[PDB]
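A single chain comes next, written as structure tokens; it is the form deposited in one PDB entry.
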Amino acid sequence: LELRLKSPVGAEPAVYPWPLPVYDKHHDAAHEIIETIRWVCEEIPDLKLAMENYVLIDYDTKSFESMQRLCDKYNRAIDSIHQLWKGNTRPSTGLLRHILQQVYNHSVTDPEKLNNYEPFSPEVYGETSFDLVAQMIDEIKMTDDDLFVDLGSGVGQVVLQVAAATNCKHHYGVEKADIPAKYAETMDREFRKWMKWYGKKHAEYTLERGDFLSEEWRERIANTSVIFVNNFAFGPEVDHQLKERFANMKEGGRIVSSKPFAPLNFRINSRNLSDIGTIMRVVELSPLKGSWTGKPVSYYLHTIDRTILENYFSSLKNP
């Protein structure tokens, strides 16, 4: 016993076993099936016209016959549309939210294994992070000349969201811990498969297991144009090593973080010449000021700017 959903672009069908998988106490693969059908109908007008929409109103998620009828009605409407078309774009924000959740649900089957009790972690990515990352994407406006890196990428959710939305040359995720890095391999596979099923384009990306403080990563950070780092729980020792890596970045290089690497009110003088604040601008970006009705959250945008240090020396030489 199984349920099948035909791809709107002729990719291999999505195949679900029966009884349907349960994700948590209030979420299961039946709600995922209904929402997938609704998303494909909303974005394919001819499909909405062909589909007998009443089947999406009256259904029983606990009945194999009811769920099979619903899947069959959708599969028949897909077939009618493929017949009509007989005779790749980026996903919308709404579809991407659905895809990322679906990818997670098919990949992270045992979330307890993550041993993650933090507020902005993989298990709660959809609550605020998705919206804040979307706001960040609209704010930094990356181009094909950019290289994006997430330092401590978890199961790779930020990398997948950014790669689906932007045209950076490449997106990298580096994760040290065993369990999220192993789950990132499944997230990668499921993301490519589902994006192909929907017929959606994404930029190139790589999720890798590694230590972002290693020698190999020193040159890699130096060549990165956009660093994303949720450093809130890192503490001052790792934060110190990161500032050393950031100090080799190019002019205009950017760092997006959850805790600033330099004070927001940094004032260069003879006693703090050694501080990272001498070579980077720092601003707090808050969607509540940047409408937003979510949590009162912020991120920090750092921009490599060695003219801060240069102006201090020029002012001493020309008082």
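For every residue, the number given is its place in the sequence shown, counted from 1. Definition used throughout: the rigid core is the maximal C-alpha set that superposes within 1.5 Å between two forms.
Not pictured, yet referred to below: the form deposited in another entry.
Only one of 177, 124, 233, 247 has its Cα shifted by 2 Å or more between this form and the one not shown after fitting on the core, and that residue is 124. Wider separation of the C-alpha atoms of residue 148 and residue 119, by 3 angstroms or more, is seen in the other form than in the present form. By 3 Å or more, the C-alpha separation between residue 228 and residue 120 grows in the other form relative to the form shown here.
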